[PDB]
Amino acid sequence: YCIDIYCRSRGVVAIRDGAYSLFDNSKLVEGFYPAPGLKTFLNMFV
Amino acid sequence: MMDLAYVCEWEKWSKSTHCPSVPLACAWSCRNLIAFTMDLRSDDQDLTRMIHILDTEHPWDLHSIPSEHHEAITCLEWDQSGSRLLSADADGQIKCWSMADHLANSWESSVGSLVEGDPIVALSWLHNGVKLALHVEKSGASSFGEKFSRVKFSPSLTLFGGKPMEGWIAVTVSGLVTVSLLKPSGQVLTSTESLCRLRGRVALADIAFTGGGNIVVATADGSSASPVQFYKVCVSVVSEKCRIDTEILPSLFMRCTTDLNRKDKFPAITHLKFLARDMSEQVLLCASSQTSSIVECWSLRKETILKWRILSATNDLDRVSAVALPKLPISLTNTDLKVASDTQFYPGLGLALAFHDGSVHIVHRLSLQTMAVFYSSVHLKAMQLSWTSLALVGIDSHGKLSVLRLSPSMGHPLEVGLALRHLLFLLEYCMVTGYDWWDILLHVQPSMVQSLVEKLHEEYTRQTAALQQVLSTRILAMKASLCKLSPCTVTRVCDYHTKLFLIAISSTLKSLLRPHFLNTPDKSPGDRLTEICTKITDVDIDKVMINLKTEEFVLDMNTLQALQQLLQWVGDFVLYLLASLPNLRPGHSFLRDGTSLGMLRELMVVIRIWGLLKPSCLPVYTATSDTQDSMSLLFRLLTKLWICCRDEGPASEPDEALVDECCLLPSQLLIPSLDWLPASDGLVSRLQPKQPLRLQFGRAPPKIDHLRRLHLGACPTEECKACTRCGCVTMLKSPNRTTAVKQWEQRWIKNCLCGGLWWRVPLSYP
Amino acid sequence: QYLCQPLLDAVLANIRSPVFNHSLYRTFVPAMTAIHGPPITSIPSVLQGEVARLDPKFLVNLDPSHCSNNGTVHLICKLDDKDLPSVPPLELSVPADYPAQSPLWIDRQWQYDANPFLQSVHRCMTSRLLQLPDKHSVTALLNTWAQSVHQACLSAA
Ligand SMILES: [Zn+2]
């Protein structure tokens, strides 16, 4: 499982899924399997 | 009333030492460019022979033409347009500076006259026969033909047609007058001739024109007890050569010499000025002693048939150091005097008189009674009013150059509807002509801005359908420049500039397609395309593209390839707009305008056809899938948005299916970024009433070419022009002179699309 | 070189095109901005340094005479030391662009006459001046002067 973290300005951090692409959405990264349900969990904190 | 808008000073380059001062020249053009000379006097005397060009919206950037004038520059004089500048010095040598490569930063003179050794004391361009009068009592009359009307003036020297020749006439300190006529070819004809047979000193001189094509030149020898003589000059061309015919007119003497109480004071006539060039019948004189002065107005009026009689005179003043006469051509008759006194319209009725203390008096034209007083808190050695006469520029007895705003009612408080009607009247006058409206934006408060914009649109309507054609981009530029001035309305200006850019692309693309054969005649293929795209509301792009005779939409596959960056902007703007739909941003106006979305549809259809002819012309989208037709996707979403707004009396809020599909667009494609044109460095947004900006010259209190959409680097290697109003940047010379879409590049040679001039920007060299 | 050559061939093929950085931008910025995120969040002072570091024997001052605040500068020094005798003041002409060149000693033969002792001072001083390396300082001249005075005291007695 992988999760990206981007620190940004004004006390804001944007997180992502990691295993997916930033390009071909269907394809996955070489060593990371996508985490199911990750978005809903992050939404709870937002 | 008077407020100092700003004071621009030289830094450390003042303190002229050991060499005495010289008189200065100053000239405000129709476009807002000040040309003026100053006494810098540091390590060279050519620093007193440089002609500074100051664009009035970015004063820090002062260009400095190194004129090759061996003596001091007497006169500066802009064209009837704003495009050439005549400069003459002592010892002859009139030079005619023109722009180099249509930059307002590069001037070069190829044409000039020379009467060697004789100092030029008056200089004027010849009159081109265009004169209009402003009827203030018809300010509400809802048609521009009633407000501003041409007054049947004749141009001196018409040549083979209705067309006037361009040229100048100068008057030397001897009796000599000289006329130079510029041909349409590069040739120039000169002729000099004495004014009268009794050759005598001409220490002050002035030039007006008349109906009938006669120049009227007034001479004085400074003595104030000698007559101010007058000559009628008639120019002709005899078969190859200029020919000057002079004739004496009635001279005048001056009051305060027949005063007989103490007549010996005021022994020097110091300023002689006709009240306006083309108003040759009234004359303003200014006698002066060492400390005091008198101005007087005289008129030729007939009864000896013609005879100069006095109109008015001031009581006693300080010594008048400079005089500026207005340029706004008001209609001046009795009803218009009445209505401009009732509704307090005072822009065309003022002269400004600087004095040798700090004060400046704005005084009436006809009976010289003081209308306003501004105390400087050192004297103005040169003043000039503006073409709408709302601001006066002035060079001091130091390096300081100041711009003052004069209120249109001279400080007397008006209700907001009258101030709206005054400024709207002036903006309409700048719209009918091509003059710049910057001085008006000095006077627009923020709290009125929105109401003013409404009035402009209502006056853009109800004109006679050809004025609406010719005033389109002028009113978009005026709308954008007005909406810059208020925090409620600051968001919309980007929209207006993109609107200009959209039209500038749209027509040109519809200009490029030359129909190879006329099928269904009497409709050009722009109109066939618009009809076909407006009747076919199919959501697919193939079904629209089928019915459009696509053997007509053919180019040579060279220019078709060179159109790539403009088509890239079209596709990127469409994608940015549709992704911006779920959210006040740079695109908020376009989502509800049916016409612009129709134009974007038409461009997407012709882009699809041109992509089928040659696939390299197409825009590129970085797609997060490889089995995707991105153009058809964006066209589907655009049709579904546009059918919302193409309804009659609709205002349909967009349904949720479009909202979720346009939420999916950052997932499917990458929304790039865009550059929005008005990078605002204009002073008018920065200024406030009662607070003057104190600037230094040259101090100046993701880089794209906005017109040909080329990405420059971080620190760009090729040099650039910047527009002076919107602020768009283009590189100066074209990148590929072979593959250049000259239908697009040659539109913006002389101006930007917003209208402002180009102005060369210096390279960084980091 | 190896594993990197075709990039080098492409970029060195395409220099001097005015649309070059446009091409680099279009081919490289979307990948980087997708992965890496959006971008970033009177007298020359050398002589004042010499004079400020001199021994309190010397008393270097500017000449009232001679051009001032211009290229070269001119100095009248002094000498105070109980061990050394009072001597003629010494006149120095320091050029502009002072380092990378040697200052000049303004010679006054007439005051170094009229005594045997000042003659010995002068002979020994011209000797040590010939012995000096090139591009010497001011302090080398002043120290050869003090050593010359000391040798002319010792040789005499
Ligand atoms: Zn512009």
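About the cut-offs
- Residues numbered from 1 in each chain as written, not as in the entry; some residues may be left out.
- Chains lettered and ligands numbered in written order.
- Part of a larger assembly, values for the part shown.
- Heavy atoms only, no water.
- Helix = DSSP H or I, 4+ residues; strand = E, 2+ residues; numbered from the N terminus.
- Rg over C-alpha atoms; globule rule 2.2 N^0.38 Å.
- Salt bridge = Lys/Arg side-chain N within 4 Å of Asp/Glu carboxyl O.
- Buried < 20%, exposed > 50% of the residue type's maximum accessible area, 1.4 Å probe, protein only.
- Donors = N, O, S within 2.8 Å, 3.2 Å for Na, K, Ca; no water.
- Tetrahedral: all angles 85-135°; square planar, octahedral: opposite > 155°, others 65-115°.
- Contact = heavy atoms within 4.5 Å.
- Buried area = accessible area lost by both parts, 1.4 Å probe.
- Polar contact = N/O pair within 3.5 Å; in protein donor to acceptor, adjacent residues only side chain to side chain.
- Nonpolar A, V, L, I, M, F, W, Y, C, P; charged D, E, K, R; others polar.
- Patch = residues over 30% accessible without salt bridge, like charges linked within 9 Å, V, L, I, M, F, W, Y side chains within 5 Å.
- Areas by Shrake-Rupley, 256 points an atom, 1.4 Å probe, with all protein chains shown as cover.
- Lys, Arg positive; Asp, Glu negative; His and termini not counted.
- Charge placed at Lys NZ, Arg CZ, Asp CG, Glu CD.
- Pairing = 2+ DSSP bridges.
- Axes fitted to C-alpha atoms, helices over the stretch in contact; angles between N-to-C directions.
- Core = buried A, V, L, I, M, F, W, Y, C linked by side-chain atoms within 4.5 Å.
- Parallel < 35°, antiparallel > 145°, perpendicular 65-115°, else oblique.
- Left-handed = near helix turned anticlockwise from the far one by under 90°.

Structure determination for the deposited model, as stated in its record, used cryo-EM, and the stated resolution is 3.5 Å.

**Q** For this particular structure, what's the right way to read the overall build of chain C?
**A** The helix and strand inventory of chain C stands at five helices and four strands. Moving toward the C terminus, one meets the helices and strands of chain C in the order α-α-α-β-β-β-β-α-α. Here chain C has a C-alpha radius of gyration of 31 Å; the compact-globule value for 157 residues is 15 Å, and the former is much larger. In terms of overall dimensions, chain C has C-alpha extents of about 90 × 35 × 25 Å along its principal axes.

**Q** How should I be thinking about the pattern of salt bridges in this particular structure?
**A** Where charged atoms from two side chains of opposite charge approach closely, those side chains can pair. Residues and elements named next belong to chain B. Under the criterion given, the structure shown has 29 salt bridges over all chains. Measuring nitrogen to oxygen at the nearest pair gives 2.6 Å for the salt bridge that ties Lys 131 to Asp 278. Of this pair, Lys 131 sits in the loop between β10 (120–125) and β11 (132–134) while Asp 278 sits in the loop between β20 (268–276) and β21 (279–288), and the two are 147 residues apart along the sequence. The residue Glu 745 makes a salt bridge to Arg 708 at a minimum N-O spacing of 2.5 Å. Of this pair, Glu 745 sits in helix α18 (residues 742–745) while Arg 708 sits in the loop between β31 (693–696) and β32 (720–723), and the two are 37 residues apart along the sequence. What makes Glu 745 partly exposed here is its relative accessible area of 21%.

**Q** Please clarify how the coordination of the zinc ion should be interpreted in this entry.
**A** By definition of the ideal shapes, a tetrahedral metal site with four donors has angles of 109.5 degrees and an octahedral site with six donors has angles of 90 or 180 degrees. Coordination of the zinc ion by the protein comes from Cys 723 of chain B (SG), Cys 726 of chain B (SG), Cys 752 of chain B (SG) and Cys 754 of chain B (SG), over a distance range of 2.4 Å. Considering all four donor atoms around the zinc ion, the spread of angles at the metal, 96 to 121 degrees, places the coordination shape in the tetrahedral class.

**Q** Got a minute to help me understand the interface of chain B and chain C in this structure?
**A** The extent of an interface is frequently quoted as the accessible surface area lost upon association of the parts. With 11 residues of chain B at the interface, the matching set in chain C holds seven residues. Counting each side, the surface lost to burial between chain B and chain C is near 840 Å², with a carbon and sulfur contribution of 61%. Of all residues in chain B, the largest losses of buried area upon contact with chain C belong to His 711, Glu 718 and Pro 735 of chain B, amounting jointly to 46% of the total for that side. The tally of links between chain B and chain C comes to zero salt bridges. Across the chain B-chain C interface, the total number found is one residue pair in polar contact. Classifying every residue of the side of chain B that touches chain C by side-chain character gives five nonpolar, four polar and two charged.

**Q** What is the right way to read a negative patch on the surface from this model?
**A** A cluster of acidic side chains, namely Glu 653, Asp 655, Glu 656 and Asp 660 of chain B, defines a negative patch on the protein surface. Residue position: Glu 656 of chain B is located in helix α15 (residues 656–663).

**Q** I would appreciate a short explanation of a nonpolar patch on the surface in the present structure.
**A** All names here are of chain A. Residues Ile 3, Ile 5, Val 13 and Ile 15 make up a contiguous nonpolar surface patch of roughly 350 Å² in combined accessible area. Of note, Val 13 is situated in strand β2 (residues 13–15). The partly exposed category is assigned to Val 13, whose relative accessible area is 48%.

**Q** Would you mind going over the sheet that holds strand β17 (residues 215–220) of chain B with me for this structure?
**A** Neighbouring strands of a sheet are bound in pairs by backbone hydrogen bonds; such pairs are parallel or else antiparallel. All names here are of chain B. Sheet architecture is open: four strands sit in the order β16-β17-β18-β19, paired in antiparallel fashion. Looking at the sheet topology across the chains shown, the edges are occupied by β16 (204–209) and β19 (241–248). Taken pair by pair, the neighbouring strands of this sheet meet at an average axis angle of 25 degrees, ignoring direction. Summarising the sheet, β16 and β17 pair through six bridges and their orientation is antiparallel. Bridging from a neighbouring strand, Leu 204 pairs with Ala 220 of β17.

**Q** How should the nonpolar core be read in this particular structure?
**A** Across soluble globular proteins, nonpolar side chains have a tendency to be buried as a group. Of all hydrophobic cores here, the largest spans 165 residues; its most connected members are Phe 36, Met 383, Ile 505, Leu 563, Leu 578, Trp 610 and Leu 665 of chain B. Residues contacting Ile 505 of chain B, with those up to four places away along its chain left out, are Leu 566, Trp 569, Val 570, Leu 603 and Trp 744 of chain B. Grouped together as the second largest cluster of nonpolar side chains are 26 residues, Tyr 112, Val 138, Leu 141 and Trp 145 of chain C included.

**Q** Please clarify how the sheet that holds strand β13 (residues 166–172) of chain B should be interpreted in this entry.
**A** Residue and element names in this part refer to chain B. An order of β10-β13-β14-β15 is seen for the four strands of this open sheet, with the pairing classed as antiparallel. The open sheet has two free edges, formed respectively by β10 and β15 (188–194), since each of these has just one partner strand. Going from strand to strand, the sheet's axes swing by 15 degrees on average, the running direction of each strand aside. As paired strands, β10 and β13 are joined by five bridges and run antiparallel to one another. Paired with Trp 125 across the strands is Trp 168, a residue of β13.

**Q** When you look at the pairing of strand β9 (residues 103–113) of chain B in this model, what are you seeing that I'm missing?
**A** Each regular strand carries side chains that alternate between the two faces of the sheet. Inspection of the sheet shows strand β8 (residues 94–100) of chain B paired to β9 of chain B by seven bridges, in the antiparallel sense. Opposite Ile 94 of chain B, over in β9 of chain B, you have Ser 113 of chain B as the bridge partner.

**Q** Please clarify how the environment of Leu 476 of chain B should be interpreted in this entry.
**A** All names here are of chain B. Inspection of the secondary structure puts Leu 476 in helix α7 (residues 472–483). Judged by relative accessible area, which is 9%, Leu 476 ranks as buried. Expressed as a C-alpha distance, the spacing of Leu 476 and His 497, which sit 21 residues apart in the sequence, is 7.9 Å. Sequence-distant contacts of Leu 476, defined by excluding residues within four places in its chain, comprise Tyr 496, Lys 499 and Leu 500.

**Q** Any chance you could explain the packing of helix α14 (residues 630–645) of chain B against α15 of chain B here in plain terms?
**A** Relative orientation and spacing of two packed helices are given, respectively, by the angle between their axes and the distance between those axes. Residue and element names in this part refer to chain B. It is at 11 Å that the axes of α14 and α15 come closest, and there the two elements cross at 150 degrees. Relative to α15, the element α14 is oriented roughly antiparallel. In terms of crossing hand, the pair formed by α14 and α15 is left-handed. Of α15, the residues touching α14 (which contributes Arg 636, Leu 637, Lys 640 and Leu 641) are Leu 658, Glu 661 and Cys 662.

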